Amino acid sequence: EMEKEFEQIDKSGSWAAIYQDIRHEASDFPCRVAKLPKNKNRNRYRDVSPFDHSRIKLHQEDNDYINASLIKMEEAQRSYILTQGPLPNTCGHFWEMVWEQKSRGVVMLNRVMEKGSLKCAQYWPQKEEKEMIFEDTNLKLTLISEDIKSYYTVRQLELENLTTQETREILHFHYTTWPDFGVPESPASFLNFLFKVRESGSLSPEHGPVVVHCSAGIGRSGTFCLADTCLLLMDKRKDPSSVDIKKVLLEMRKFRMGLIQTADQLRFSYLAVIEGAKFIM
């Protein structure tokens, strides 16, 4: 059914029109905290800010600001934190958020360098014997293990709160093959990646929300959470054909602006859910 609507839009060449309609209907809420002068250097992009109502607050006595949003999907019973790729001065904040929110997994959908520019700070250690200390938030991060596959890398990290000496295992799911321009040709490897995150327990209710980022934390990040939520609803509902990807995306856009950045990303999301639903049969 969603598949019949897909072929209709394809045959009619109307992806841009459908996407502009979503842009026009999307919620608008204030971002007064993101726009305070003191926070200018905590934001990667002037045009991507968390809403005040859904932003993640840092606890540590100070400035509580990080560019991150809680996407809480009520019917699907799934939560996600969407955030920007860390900046050189926000790696300590990023790991503070992971600690305080009790996240088990971090999902990264970009490379540190793309199109010959830096899209995110090197916020995790690359060698077991070279751990990272974040002195501003009093956290230590160690690489425990790394498994490099053709389309993704999974890392086991140990995060230690140096104040209390408590340690937690964090799983880092790194999708390494999203192309520099456009979207993937096939959704097959992105779906395999999504099922690997699911299988880890990182998305399950006994943990805090999974942390998802790309460079801005709206485009690829949006695609990941939209695809996951739609596929869950199709398993949960008596009528799986009732799942309306445009309705789900507008719901998610109540919590963070700009999720899905292009008509091509919208088309790719439809493609991933349509293919993903056939695998869950």
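Sequential numbering from 1, following the sequence displayed.
Visitor: On average, are the C-alpha B-factors higher in 189 to 197 or in 160 to 168?
Guide: Stretch with the higher mean C-alpha B-factor: 160 to 168.
Visitor: 144 to 152 versus 207 to 215: which one carries the higher mean Cα B factor per the record?
Guide: The deposited B-factors put 144 to 152 ahead on the C-alpha mean.
Visitor: By the entry's C-alpha temperature factors, tell me which of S54, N43, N63, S221 sits highest.
Guide: In this record, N63 carries the highest C-alpha B-factor of the candidates.
Visitor: From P184, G85, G92, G105, pick the one with the largest CA B-factor in the entry?
Guide: When the deposited C-alpha B-factors of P184, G85, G92, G105 are compared, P184 is largest.
Visitor: What third of the chain, by the recorded C-alpha B-factor, contains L249?
Guide: Bottom third by C-alpha B-factor.
Visitor: What third of the chain does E129 rank in for C-alpha temperature factor, lowest, middle or highest?
Guide: Middle third of the chain for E129's C-alpha B-factor.
Visitor: Would you mind ranking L259 by its C-alpha B-factor against the rest of the chain and naming the third, lowest, middle or highest?
Guide: It falls in the bottom third of the chain.
Visitor: Could you say whether, by C-alpha temperature factor, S117 belongs to the lowest, middle or highest third of its chain?
Guide: Middle third, going by the recorded CA B-factors of the chain.
Visitor: Place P30 in the lowest, middle or highest third of its chain's C-alpha B-factors, as listed in the PDB entry.
Guide: According to the entry, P30 has a C-alpha B-factor in the chain's middle third.
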